[PDB]
2 protein chains.
Amino acid sequence: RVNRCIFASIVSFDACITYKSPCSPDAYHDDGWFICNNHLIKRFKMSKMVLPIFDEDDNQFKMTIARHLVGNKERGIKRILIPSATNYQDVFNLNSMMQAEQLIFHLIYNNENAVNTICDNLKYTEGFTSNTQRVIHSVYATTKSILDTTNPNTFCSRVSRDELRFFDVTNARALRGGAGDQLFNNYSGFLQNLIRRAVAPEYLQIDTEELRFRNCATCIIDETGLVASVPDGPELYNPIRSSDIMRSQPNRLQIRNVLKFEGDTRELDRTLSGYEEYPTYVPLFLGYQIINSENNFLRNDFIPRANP
Amino acid sequence: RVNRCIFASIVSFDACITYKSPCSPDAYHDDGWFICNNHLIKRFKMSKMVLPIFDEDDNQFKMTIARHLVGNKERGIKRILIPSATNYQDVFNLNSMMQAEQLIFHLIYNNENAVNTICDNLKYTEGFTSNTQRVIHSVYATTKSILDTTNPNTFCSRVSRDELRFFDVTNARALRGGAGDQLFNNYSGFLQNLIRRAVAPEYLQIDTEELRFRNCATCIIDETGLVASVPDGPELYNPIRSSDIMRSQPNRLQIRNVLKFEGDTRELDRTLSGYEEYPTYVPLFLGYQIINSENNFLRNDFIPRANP
């Protein structure tokens with residue numbers, strides 16, 4: 001039983017302040033997510049989800065996917081679902097969060113200068129060498145363990161080259177990709193994995209058969225990061241309801257524009273109570289994934305993957 | 001308790017044959033679906049579903065929608081869902097089905113010549129005036145009741161004008177509708193109802209508040225009918241399962257080309273067993289629906305509404 005979400009390592013550097021970083025039970029699931037749903041919601045505006053790919057016969061298999069927790073009226077910066085290393089400091093208000101968390105983000109985005117800055121600010125603590133030093137280092141080491149696990153370019157890092165993943169279908173078919181793939185490559189191993197687990201391809205080619213799961217992108221990748229935006233026009237309606245919203249800062253005053261329905265819909269809903277429902281979620285679709293026939297795809301372990 | 005399934009009236013004209021028309025339980029649901037799911041599947045390759053549209057503050061708003069039962073290899077009449085009056089007799093192999101249901105289809109598509117042809121052929125028999133005539137007429141009258149119920153141009157037909165529905169968003173912006181709507185308007189009241197009932201709009205404007213439920217279409221209406229296709233590229237993958245497939249005629253020899261997955265996927269199922277799943281269905285989307293601010297949209301009755 002191991003808690004595998006990165007931000008679960010967040011403890012206060014002040015040993016006198018008891019702090020328990022909260023996470024979903026899915027943190028103990030040994031899978032490709034190295035972030036637990038509670039964190040994912042709270043920091044990347046996403047919710048975990050599974051896409052059960054079915055066959056025409058009785059066979060099937062499951063693939064992970066996430067969905068937006070981004071509203072219809074959000075704009076600009078608010079659409080940056082996963083920021084790049086050049087703007088995550090503007091997207092995440094690092095000053096408003098715990099230094100253990102700050103540290104983690106800088107490790108995720110490889111900002112060693114900031115990592116060292118944190119160290120330098122804390123080394124003057126009167127009880128630094130006594131307890132703070134140890135605590136900080138522990139958090140660091142744990143985070144690094146995970147980062148190295150996901151990073152395909154580390155010592156003895158196993159990497160699968162049997163699967164391709166492109167975020168540019170028009171050049172993906174030629175097995176080359178485009179700017180979005182260059183950008184993808186510029187992310188840390190963790191972040192690349194995160195994107196791979198959250199964003200499903202529009203197309204999936206297994207062997208030769210091409211499965212178009214969706215004929216329409218729901219998100220894009222650009223120089224600002226993974227962006228929760230519609231590439232062809234008006235944003236999709238997305239009701240950001242409660243039960244996946246938490247007032248993690250009881251004293252922080254926060255306002256919101258809320259869409260409210262009026263009229264008595266209960267009777268209508270009762271007349272339609274006997275039919276199967278289709279969810280109004282907005283899952284992440286983008287790109288072209290290719291699985292070669294020789295790939296042991298159904299393996300239940302974790303392994304970094306990369307495009308040759 | 002009233003069975004409102006069109007085709008429930010199907011019974012053999014030969015009185016010695018106790019033919020039963022097996023409509024599903026939803027035939028007794030008083031709503032816009034004047035066809036039961038079994039027949040909807042059987043004849044139109046669709047499955048009944050609901051879009052539980054939610055606001056951002058505890059209100060639910062269900063809406064009907066159908067699901068496609070067409071794969072990604074089918075084409076032409078194999079992909080046409082609801083054929084026009086000019087080709088339904090080519091799409092539906094009427095010569096291999098019961099005369100009672102042939103009659104119904106001709107009533108649906110206003111083919112009076114065929115209606116009369118059926119009548120005439122049945123006139124010349126042993127119990128025409130004794131039993132068959134009555135049975136035929138009963139079926140006819142029942143069907144007509146349904147057709148008139150849905151037809152907005154009938155005597156004292158209750159018609160709502162609190163909703164506009166276009167199957168051409170570009171032109172719908174100016175409330176035009178284009179050729180798509182012109183084609184739509186050539187369908188019977190029943191068929192126009194069915195199409196609106198099954199096909200959800202990409203856009204929904206309620207009192208100027210525009211929502212977007214899907215950024216790309218999944219349905220196309222043209223001169224051949226309602227077609228299960230896409231605006232561009234290859235067709236969407238759609239795993240048609242045996243749970244929807246029904247062997248109506250066991251003597252009819254039929255070959256299917258289906259896919260098969262190999263490998264043990266149960267481990268992945270276990271791995272992801274604690275996550276919420278998003279379906280791989282392909283719902284019917286096409287159009288721009290506009291709701292008048294002074295509507296009575298939430299009524300639980302049936303009104304054959306229509307564009308003015």
# chains A, B, ... in the order shown; residues from 1 in each chain; ligands from 1
$ interface_residues --of "chain A" --to "chain B" --cutoff "6 Å" --atoms "only C-alpha atoms" --output "list in words"
residues 49, 50, 51, 55, 56, 59, 61, 211, 212, 213, 216, 236, 237, 239, 240, 241, 258, 259, 260, 261, 268, 269, 275, 276, 277 and 278 of chain A
$ calpha_fit_and_write --fixed "chain B" --moving "chain A" --output "mmCIF file with C-alpha atoms, in the first residue's frame"
data_model
loop_
_atom_site.group_PDB
_atom_site.id
_atom_site.type_symbol
_atom_site.label_atom_id
_atom_site.label_comp_id
_atom_site.auth_asym_id
_atom_site.auth_seq_id
_atom_site.Cartn_x
_atom_site.Cartn_y
_atom_site.Cartn_z
ATOM 1 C CA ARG A 1 -51.631 2.120 -20.031
ATOM 2 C CA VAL A 2 -51.307 2.633 -23.773
ATOM 3 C CA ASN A 3 -48.755 1.122 -26.115
ATOM 4 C CA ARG A 4 -47.612 4.063 -28.118
ATOM 5 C CA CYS A 5 -45.224 2.624 -30.629
ATOM 6 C CA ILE A 6 -46.519 2.562 -34.168
ATOM 7 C CA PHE A 7 -45.266 -0.786 -35.197
ATOM 8 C CA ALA A 8 -46.921 -2.413 -32.155
ATOM 9 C CA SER A 9 -50.048 -2.352 -34.300
ATOM 10 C CA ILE A 10 -48.459 -4.953 -36.580
ATOM 11 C CA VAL A 11 -50.575 -8.044 -36.638
ATOM 12 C CA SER A 12 -50.821 -10.511 -39.427
ATOM 13 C CA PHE A 13 -53.604 -9.870 -41.852
ATOM 14 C CA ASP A 14 -54.094 -13.611 -41.747
ATOM 15 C CA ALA A 15 -56.216 -13.892 -38.609
ATOM 16 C CA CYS A 16 -55.173 -17.538 -38.250
ATOM 17 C CA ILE A 17 -51.580 -16.547 -37.620
ATOM 18 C CA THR A 18 -51.159 -15.394 -34.069
ATOM 19 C CA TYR A 19 -48.625 -12.616 -33.978
ATOM 20 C CA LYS A 20 -47.411 -10.330 -31.259
ATOM 21 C CA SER A 21 -45.330 -7.379 -32.342
ATOM 22 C CA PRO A 22 -42.648 -7.101 -29.591
ATOM 23 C CA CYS A 23 -41.826 -3.798 -27.950
ATOM 24 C CA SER A 24 -39.915 -2.289 -25.124
ATOM 25 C CA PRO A 25 -41.747 -1.313 -21.888
ATOM 26 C CA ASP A 26 -40.952 2.278 -22.912
ATOM 27 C CA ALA A 27 -43.932 2.020 -25.282
ATOM 28 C CA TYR A 28 -46.057 2.757 -22.266
ATOM 29 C CA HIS A 29 -44.174 5.908 -21.411
ATOM 30 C CA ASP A 30 -46.096 8.979 -22.353
ATOM 31 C CA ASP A 31 -43.438 10.963 -24.114
ATOM 32 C CA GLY A 32 -42.409 12.281 -27.519
ATOM 33 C CA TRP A 33 -41.353 8.915 -28.827
ATOM 34 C CA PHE A 34 -44.023 7.231 -30.937
ATOM 35 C CA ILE A 35 -41.695 4.385 -31.624
ATOM 36 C CA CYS A 36 -40.454 2.001 -29.007
ATOM 37 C CA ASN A 37 -36.774 1.253 -28.552
ATOM 38 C CA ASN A 38 -37.066 -2.244 -29.937
ATOM 39 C CA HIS A 39 -38.532 -0.940 -33.173
ATOM 40 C CA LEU A 40 -36.108 1.941 -33.363
ATOM 41 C CA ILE A 41 -33.227 -0.471 -33.127
ATOM 42 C CA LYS A 42 -34.708 -2.866 -35.630
ATOM 43 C CA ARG A 43 -35.649 -0.334 -38.262
ATOM 44 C CA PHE A 44 -33.788 2.901 -37.873
ATOM 45 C CA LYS A 45 -30.568 1.559 -36.395
ATOM 46 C CA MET A 46 -30.913 3.707 -33.293
ATOM 47 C CA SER A 47 -31.049 3.382 -29.578
ATOM 48 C CA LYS A 48 -32.848 5.718 -27.241
ATOM 49 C CA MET A 49 -30.864 7.719 -24.770
ATOM 50 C CA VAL A 50 -31.205 10.663 -22.412
ATOM 51 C CA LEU A 51 -29.062 13.731 -22.243
ATOM 52 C CA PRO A 52 -29.395 15.216 -18.689
ATOM 53 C CA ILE A 53 -28.477 18.838 -19.049
ATOM 54 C CA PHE A 54 -26.971 20.085 -15.858
ATOM 55 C CA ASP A 55 -26.570 23.495 -14.474
ATOM 56 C CA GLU A 56 -23.624 24.739 -12.450
ATOM 57 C CA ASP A 57 -25.951 24.950 -9.505
ATOM 58 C CA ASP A 58 -28.125 22.031 -8.329
ATOM 59 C CA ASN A 59 -30.707 22.472 -11.115
ATOM 60 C CA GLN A 60 -30.968 20.382 -14.272
ATOM 61 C CA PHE A 61 -33.354 18.932 -16.853
ATOM 62 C CA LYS A 62 -33.398 16.080 -19.310
ATOM 63 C CA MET A 63 -33.499 16.075 -23.102
ATOM 64 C CA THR A 64 -33.873 13.002 -25.288
ATOM 65 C CA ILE A 65 -31.329 11.797 -27.812
ATOM 66 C CA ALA A 66 -30.555 8.671 -29.764
ATOM 67 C CA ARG A 67 -27.321 7.036 -30.826
ATOM 68 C CA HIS A 68 -26.082 5.178 -33.866
ATOM 69 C CA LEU A 69 -26.204 1.453 -34.185
ATOM 70 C CA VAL A 70 -24.200 1.890 -37.337
ATOM 71 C CA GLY A 71 -20.806 0.268 -37.536
ATOM 72 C CA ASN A 72 -17.512 1.689 -38.691
ATOM 73 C CA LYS A 73 -17.364 -0.347 -41.877
ATOM 74 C CA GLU A 74 -20.898 0.293 -43.126
ATOM 75 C CA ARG A 75 -21.135 2.283 -46.343
ATOM 76 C CA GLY A 76 -23.487 4.042 -48.743
ATOM 77 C CA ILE A 77 -27.062 2.943 -48.264
ATOM 78 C CA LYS A 78 -26.170 1.359 -44.963
ATOM 79 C CA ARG A 79 -25.484 4.851 -43.602
ATOM 80 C CA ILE A 80 -28.974 6.015 -44.275
ATOM 81 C CA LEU A 81 -30.223 6.165 -40.753
ATOM 82 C CA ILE A 82 -33.675 7.518 -41.698
ATOM 83 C CA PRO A 83 -34.439 7.436 -45.448
ATOM 84 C CA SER A 84 -36.436 9.976 -47.338
ATOM 85 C CA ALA A 85 -39.705 9.263 -49.070
ATOM 86 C CA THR A 86 -37.756 8.979 -52.316
ATOM 87 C CA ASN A 87 -35.616 6.054 -51.222
ATOM 88 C CA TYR A 88 -37.112 4.309 -48.181
ATOM 89 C CA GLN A 89 -38.231 1.530 -50.532
ATOM 90 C CA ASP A 90 -34.601 0.823 -51.350
ATOM 91 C CA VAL A 91 -33.436 1.156 -47.787
ATOM 92 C CA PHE A 92 -36.168 -0.948 -46.276
ATOM 93 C CA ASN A 93 -36.685 -4.313 -47.847
ATOM 94 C CA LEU A 94 -40.435 -4.041 -47.648
ATOM 95 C CA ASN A 95 -40.912 -7.278 -49.516
ATOM 96 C CA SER A 96 -39.197 -9.138 -46.672
ATOM 97 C CA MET A 97 -41.588 -7.898 -44.003
ATOM 98 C CA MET A 98 -45.219 -8.269 -43.000
ATOM 99 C CA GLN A 99 -47.802 -6.369 -44.985
ATOM 100 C CA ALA A 100 -49.075 -4.705 -41.847
ATOM 101 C CA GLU A 101 -45.610 -3.309 -41.418
ATOM 102 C CA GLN A 102 -45.343 -2.382 -45.082
ATOM 103 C CA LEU A 103 -48.610 -0.515 -44.757
ATOM 104 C CA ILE A 104 -47.281 1.412 -41.824
ATOM 105 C CA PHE A 105 -44.187 2.535 -43.657
ATOM 106 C CA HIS A 106 -46.235 3.715 -46.552
ATOM 107 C CA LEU A 107 -48.430 5.636 -44.175
ATOM 108 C CA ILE A 108 -45.322 7.156 -42.570
ATOM 109 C CA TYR A 109 -44.006 8.195 -45.965
ATOM 110 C CA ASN A 110 -47.462 9.069 -47.369
ATOM 111 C CA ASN A 111 -47.289 6.528 -50.169
ATOM 112 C CA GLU A 112 -50.989 6.213 -50.750
ATOM 113 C CA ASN A 113 -50.509 4.386 -54.012
ATOM 114 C CA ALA A 114 -48.763 1.590 -52.179
ATOM 115 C CA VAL A 115 -51.337 1.735 -49.401
ATOM 116 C CA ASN A 116 -54.057 1.236 -51.965
ATOM 117 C CA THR A 117 -52.015 -1.464 -53.667
ATOM 118 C CA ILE A 118 -51.933 -3.433 -50.434
ATOM 119 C CA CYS A 119 -55.678 -3.052 -50.101
ATOM 120 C CA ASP A 120 -56.215 -4.231 -53.672
ATOM 121 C CA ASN A 121 -54.022 -7.259 -53.256
ATOM 122 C CA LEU A 122 -55.796 -8.318 -50.088
ATOM 123 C CA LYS A 123 -59.418 -7.650 -51.105
ATOM 124 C CA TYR A 124 -59.472 -10.894 -53.106
ATOM 125 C CA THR A 125 -58.976 -12.990 -49.981
ATOM 126 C CA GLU A 126 -61.833 -15.462 -49.677
ATOM 127 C CA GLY A 127 -62.371 -14.437 -46.021
ATOM 128 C CA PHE A 128 -61.562 -10.760 -46.694
ATOM 129 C CA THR A 129 -64.891 -9.255 -45.864
ATOM 130 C CA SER A 130 -65.241 -11.643 -42.966
ATOM 131 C CA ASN A 131 -62.133 -10.741 -41.011
ATOM 132 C CA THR A 132 -59.173 -9.465 -43.012
ATOM 133 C CA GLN A 133 -60.815 -6.190 -44.010
ATOM 134 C CA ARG A 134 -61.495 -5.299 -40.404
ATOM 135 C CA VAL A 135 -58.010 -6.152 -39.249
ATOM 136 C CA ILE A 136 -56.329 -4.161 -41.968
ATOM 137 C CA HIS A 137 -58.475 -1.157 -41.335
ATOM 138 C CA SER A 138 -57.824 -1.349 -37.597
ATOM 139 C CA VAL A 139 -54.071 -1.212 -38.169
ATOM 140 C CA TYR A 140 -54.502 1.654 -40.590
ATOM 141 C CA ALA A 141 -56.682 3.692 -38.293
ATOM 142 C CA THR A 142 -54.366 3.219 -35.338
ATOM 143 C CA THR A 143 -51.386 4.303 -37.369
ATOM 144 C CA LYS A 144 -53.244 7.315 -38.689
ATOM 145 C CA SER A 145 -54.177 8.332 -35.162
ATOM 146 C CA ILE A 146 -50.516 8.523 -34.259
ATOM 147 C CA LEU A 147 -49.505 10.197 -37.488
ATOM 148 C CA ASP A 148 -52.129 12.872 -37.012
ATOM 149 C CA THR A 149 -51.054 13.317 -33.410
ATOM 150 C CA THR A 150 -47.540 14.177 -34.522
ATOM 151 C CA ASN A 151 -48.573 16.103 -37.616
ATOM 152 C CA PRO A 152 -48.664 19.915 -36.893
ATOM 153 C CA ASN A 153 -50.857 20.578 -39.920
ATOM 154 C CA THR A 154 -53.964 18.618 -38.983
ATOM 155 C CA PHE A 155 -57.327 19.618 -37.618
ATOM 156 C CA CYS A 156 -56.860 21.343 -34.270
ATOM 157 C CA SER A 157 -53.245 20.281 -34.137
ATOM 158 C CA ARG A 158 -51.576 22.308 -31.425
ATOM 159 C CA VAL A 159 -48.241 23.658 -32.557
ATOM 160 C CA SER A 160 -45.507 25.413 -30.681
ATOM 161 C CA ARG A 161 -43.738 28.181 -32.511
ATOM 162 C CA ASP A 162 -41.752 29.214 -29.443
ATOM 163 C CA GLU A 163 -38.891 26.907 -30.217
ATOM 164 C CA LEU A 164 -36.748 26.858 -33.274
ATOM 165 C CA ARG A 165 -34.744 24.004 -34.615
ATOM 166 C CA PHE A 166 -32.280 24.277 -37.395
ATOM 167 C CA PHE A 167 -29.993 21.794 -39.039
ATOM 168 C CA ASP A 168 -27.747 24.531 -40.440
ATOM 169 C CA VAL A 169 -25.936 26.506 -37.749
ATOM 170 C CA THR A 170 -24.427 29.050 -40.143
ATOM 171 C CA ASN A 171 -27.843 30.271 -41.190
ATOM 172 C CA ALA A 172 -29.595 29.175 -37.995
ATOM 173 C CA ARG A 173 -27.965 32.061 -36.192
ATOM 174 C CA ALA A 174 -29.764 34.348 -38.639
ATOM 175 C CA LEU A 175 -33.003 32.459 -37.844
ATOM 176 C CA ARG A 176 -33.291 31.221 -41.398
ATOM 177 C CA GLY A 177 -31.687 27.816 -41.721
ATOM 178 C CA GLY A 178 -30.718 26.127 -44.987
ATOM 179 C CA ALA A 179 -31.265 23.183 -47.337
ATOM 180 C CA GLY A 180 -31.236 20.693 -44.470
ATOM 181 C CA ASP A 181 -34.200 22.527 -42.984
ATOM 182 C CA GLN A 182 -36.053 22.495 -46.258
ATOM 183 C CA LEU A 183 -35.409 18.787 -46.382
ATOM 184 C CA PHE A 184 -36.509 18.477 -42.783
ATOM 185 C CA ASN A 185 -39.781 20.179 -43.627
ATOM 186 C CA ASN A 186 -40.340 17.645 -46.414
ATOM 187 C CA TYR A 187 -40.730 14.776 -43.896
ATOM 188 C CA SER A 188 -43.980 13.584 -42.408
ATOM 189 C CA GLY A 189 -45.013 14.909 -39.016
ATOM 190 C CA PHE A 190 -44.006 11.646 -37.426
ATOM 191 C CA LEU A 191 -40.644 11.576 -39.084
ATOM 192 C CA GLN A 192 -39.956 15.181 -38.212
ATOM 193 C CA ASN A 193 -40.772 14.435 -34.601
ATOM 194 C CA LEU A 194 -38.621 11.329 -34.678
ATOM 195 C CA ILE A 195 -35.675 13.408 -35.832
ATOM 196 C CA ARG A 196 -36.387 16.054 -33.211
ATOM 197 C CA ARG A 197 -36.388 13.463 -30.449
ATOM 198 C CA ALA A 198 -33.341 11.596 -31.681
ATOM 199 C CA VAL A 199 -31.083 14.379 -32.867
ATOM 200 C CA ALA A 200 -29.743 16.871 -30.373
ATOM 201 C CA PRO A 201 -28.415 20.235 -31.565
ATOM 202 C CA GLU A 202 -24.769 21.127 -31.399
ATOM 203 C CA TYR A 203 -25.855 24.406 -29.864
ATOM 204 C CA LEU A 204 -28.697 25.331 -27.559
ATOM 205 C CA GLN A 205 -29.689 28.904 -27.030
ATOM 206 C CA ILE A 206 -31.895 29.574 -24.104
ATOM 207 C CA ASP A 207 -32.933 33.161 -23.968
ATOM 208 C CA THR A 208 -29.535 34.534 -24.937
ATOM 209 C CA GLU A 209 -27.040 32.086 -23.408
ATOM 210 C CA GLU A 210 -25.607 29.711 -25.970
ATOM 211 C CA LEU A 211 -24.732 26.238 -24.748
ATOM 212 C CA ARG A 212 -22.425 24.458 -27.122
ATOM 213 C CA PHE A 213 -22.949 20.826 -26.255
ATOM 214 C CA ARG A 214 -20.664 19.566 -28.907
ATOM 215 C CA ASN A 215 -18.249 21.154 -31.268
ATOM 216 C CA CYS A 216 -18.679 18.567 -33.904
ATOM 217 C CA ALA A 217 -21.537 16.982 -35.890
ATOM 218 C CA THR A 218 -22.070 13.237 -35.635
ATOM 219 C CA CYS A 219 -24.625 12.957 -38.433
ATOM 220 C CA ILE A 220 -26.073 14.844 -41.379
ATOM 221 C CA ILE A 221 -29.315 15.396 -43.251
ATOM 222 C CA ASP A 222 -29.400 15.315 -47.007
ATOM 223 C CA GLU A 223 -31.530 14.218 -49.956
ATOM 224 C CA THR A 224 -31.161 10.546 -49.063
ATOM 225 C CA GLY A 225 -32.313 11.033 -45.494
ATOM 226 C CA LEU A 226 -30.761 11.238 -42.060
ATOM 227 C CA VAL A 227 -27.328 9.831 -42.603
ATOM 228 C CA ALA A 228 -25.066 8.256 -40.045
ATOM 229 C CA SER A 229 -21.937 9.883 -41.316
ATOM 230 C CA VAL A 230 -19.059 12.062 -40.355
ATOM 231 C CA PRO A 231 -19.010 15.336 -42.402
ATOM 232 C CA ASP A 232 -15.282 15.848 -42.029
ATOM 233 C CA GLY A 233 -13.661 12.496 -42.775
ATOM 234 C CA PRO A 234 -13.315 8.863 -41.512
ATOM 235 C CA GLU A 235 -16.252 7.326 -39.738
ATOM 236 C CA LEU A 236 -16.308 6.990 -35.997
ATOM 237 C CA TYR A 237 -15.632 3.662 -34.429
ATOM 238 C CA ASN A 238 -18.835 2.132 -33.250
ATOM 239 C CA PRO A 239 -18.771 -1.403 -31.736
ATOM 240 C CA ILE A 240 -22.117 -2.907 -32.582
ATOM 241 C CA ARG A 241 -22.250 -5.381 -29.762
ATOM 242 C CA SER A 242 -24.951 -7.801 -28.738
ATOM 243 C CA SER A 243 -27.732 -7.108 -26.195
ATOM 244 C CA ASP A 244 -29.237 -4.650 -28.675
ATOM 245 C CA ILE A 245 -29.124 -7.115 -31.586
ATOM 246 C CA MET A 246 -31.869 -9.612 -32.273
ATOM 247 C CA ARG A 247 -32.163 -12.505 -34.714
ATOM 248 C CA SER A 248 -35.719 -11.565 -35.642
ATOM 249 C CA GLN A 249 -35.494 -13.820 -38.708
ATOM 250 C CA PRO A 250 -34.276 -17.246 -37.375
ATOM 251 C CA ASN A 251 -34.152 -18.645 -40.875
ATOM 252 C CA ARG A 252 -32.526 -15.695 -42.543
ATOM 253 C CA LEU A 253 -28.877 -16.172 -43.250
ATOM 254 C CA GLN A 254 -26.928 -13.036 -42.488
ATOM 255 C CA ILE A 255 -23.200 -12.409 -42.447
ATOM 256 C CA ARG A 256 -21.189 -9.776 -40.620
ATOM 257 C CA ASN A 257 -17.696 -8.284 -40.366
ATOM 258 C CA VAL A 258 -16.754 -8.273 -36.701
ATOM 259 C CA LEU A 259 -13.911 -6.526 -34.949
ATOM 260 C CA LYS A 260 -12.277 -8.849 -32.398
ATOM 261 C CA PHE A 261 -9.809 -7.970 -29.621
ATOM 262 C CA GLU A 262 -7.000 -10.303 -28.639
ATOM 263 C CA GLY A 263 -4.833 -10.295 -25.545
ATOM 264 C CA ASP A 264 -5.757 -10.606 -21.886
ATOM 265 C CA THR A 265 -7.279 -7.282 -20.953
ATOM 266 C CA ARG A 266 -8.776 -8.419 -17.664
ATOM 267 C CA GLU A 267 -5.900 -7.304 -15.506
ATOM 268 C CA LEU A 268 -5.726 -3.940 -17.173
ATOM 269 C CA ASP A 269 -9.416 -3.471 -16.628
ATOM 270 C CA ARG A 270 -9.006 -4.457 -12.973
ATOM 271 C CA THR A 271 -6.400 -1.765 -12.384
ATOM 272 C CA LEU A 272 -8.794 0.781 -13.860
ATOM 273 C CA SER A 273 -11.851 -0.630 -12.047
ATOM 274 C CA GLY A 274 -11.908 2.215 -9.529
ATOM 275 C CA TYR A 275 -12.603 5.025 -11.997
ATOM 276 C CA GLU A 276 -15.761 6.540 -13.490
ATOM 277 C CA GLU A 277 -16.343 5.462 -17.052
ATOM 278 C CA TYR A 278 -17.202 7.601 -20.036
ATOM 279 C CA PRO A 279 -19.221 5.749 -22.720
ATOM 280 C CA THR A 280 -17.976 5.167 -26.225
ATOM 281 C CA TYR A 281 -21.411 5.640 -27.767
ATOM 282 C CA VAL A 282 -22.027 7.896 -30.724
ATOM 283 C CA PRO A 283 -25.094 10.135 -30.020
ATOM 284 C CA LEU A 284 -26.759 12.260 -32.643
ATOM 285 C CA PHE A 285 -25.616 15.888 -32.776
ATOM 286 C CA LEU A 286 -26.549 18.366 -35.471
ATOM 287 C CA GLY A 287 -27.770 21.935 -35.654
ATOM 288 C CA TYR A 288 -28.914 24.828 -33.506
ATOM 289 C CA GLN A 289 -31.951 24.786 -31.241
ATOM 290 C CA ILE A 290 -33.390 27.973 -29.807
ATOM 291 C CA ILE A 291 -35.768 28.280 -26.875
ATOM 292 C CA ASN A 292 -37.573 31.555 -26.326
ATOM 293 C CA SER A 293 -37.929 32.778 -22.740
ATOM 294 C CA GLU A 294 -41.704 32.640 -22.742
ATOM 295 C CA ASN A 295 -41.846 28.977 -23.725
ATOM 296 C CA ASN A 296 -43.355 26.511 -21.264
ATOM 297 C CA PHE A 297 -40.628 24.067 -22.300
ATOM 298 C CA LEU A 298 -40.842 21.848 -19.282
ATOM 299 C CA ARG A 299 -44.414 20.797 -20.100
ATOM 300 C CA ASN A 300 -44.798 17.034 -19.918
ATOM 301 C CA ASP A 301 -47.313 16.658 -22.706
ATOM 302 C CA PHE A 302 -46.739 16.178 -26.387
ATOM 303 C CA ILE A 303 -47.069 18.884 -28.939
ATOM 304 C CA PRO A 304 -45.911 19.214 -32.580
ATOM 305 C CA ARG A 305 -43.425 21.993 -33.088
ATOM 306 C CA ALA A 306 -42.474 23.986 -36.135
ATOM 307 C CA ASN A 307 -40.347 26.760 -37.564
ATOM 308 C CA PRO A 308 -42.471 29.783 -38.748
#
$ select_by_dssp --residues "region 1-99 of chain A" --states "alpha helix (DSSP H)" --output "NGL selection string"
:A and (37-44 or 88-91 or 99)
$ select_by_dssp --residues "region 84-303 of chain A" --states "strand (DSSP E)" --output "ChimeraX atom specification"
/A:163-166,203-206,209-212,220-222,225-227,276-277,288-291
$ write_last_selection --atoms "C-alpha atoms" --output "PDB file, in the first residue's frame"
ATOM      1  CA  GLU A 163       3.765   3.012 -29.278  1.00  0.00           C
ATOM      2  CA  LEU A 164       3.586   6.366 -30.911  1.00  0.00           C
ATOM      3  CA  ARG A 165       1.671   9.364 -29.771  1.00  0.00           C
ATOM      4  CA  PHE A 166       1.214  12.466 -31.781  1.00  0.00           C
ATOM      5  CA  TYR A 203      -7.596   8.342 -33.622  1.00  0.00           C
ATOM      6  CA  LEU A 204      -6.180   5.018 -32.527  1.00  0.00           C
ATOM      7  CA  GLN A 205      -4.404   2.769 -34.939  1.00  0.00           C
ATOM      8  CA  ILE A 206      -3.892  -0.748 -33.825  1.00  0.00           C
ATOM      9  CA  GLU A 209      -7.194  -0.638 -38.235  1.00  0.00           C
ATOM     10  CA  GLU A 210      -7.877   2.992 -37.454  1.00  0.00           C
ATOM     11  CA  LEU A 211     -10.404   3.684 -34.722  1.00  0.00           C
ATOM     12  CA  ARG A 212     -11.664   7.223 -34.843  1.00  0.00           C
ATOM     13  CA  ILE A 220      -5.014  21.852 -27.716  1.00  0.00           C
ATOM     14  CA  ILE A 221      -1.319  22.058 -26.928  1.00  0.00           C
ATOM     15  CA  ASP A 222       0.604  25.225 -27.556  1.00  0.00           C
ATOM     16  CA  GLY A 225       0.640  24.660 -22.191  1.00  0.00           C
ATOM     17  CA  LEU A 226      -2.237  22.233 -22.465  1.00  0.00           C
ATOM     18  CA  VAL A 227      -5.173  24.476 -23.103  1.00  0.00           C
ATOM     19  CA  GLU A 276     -30.073   5.377 -20.387  1.00  0.00           C
ATOM     20  CA  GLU A 277     -28.206   8.610 -19.888  1.00  0.00           C
ATOM     21  CA  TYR A 288      -3.204  10.156 -33.164  1.00  0.00           C
ATOM     22  CA  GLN A 289      -1.954   7.191 -31.164  1.00  0.00           C
ATOM     23  CA  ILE A 290      -0.414   4.179 -32.849  1.00  0.00           C
ATOM     24  CA  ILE A 291       0.103   0.744 -31.341  1.00  0.00           C
TER      25      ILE A 291
END
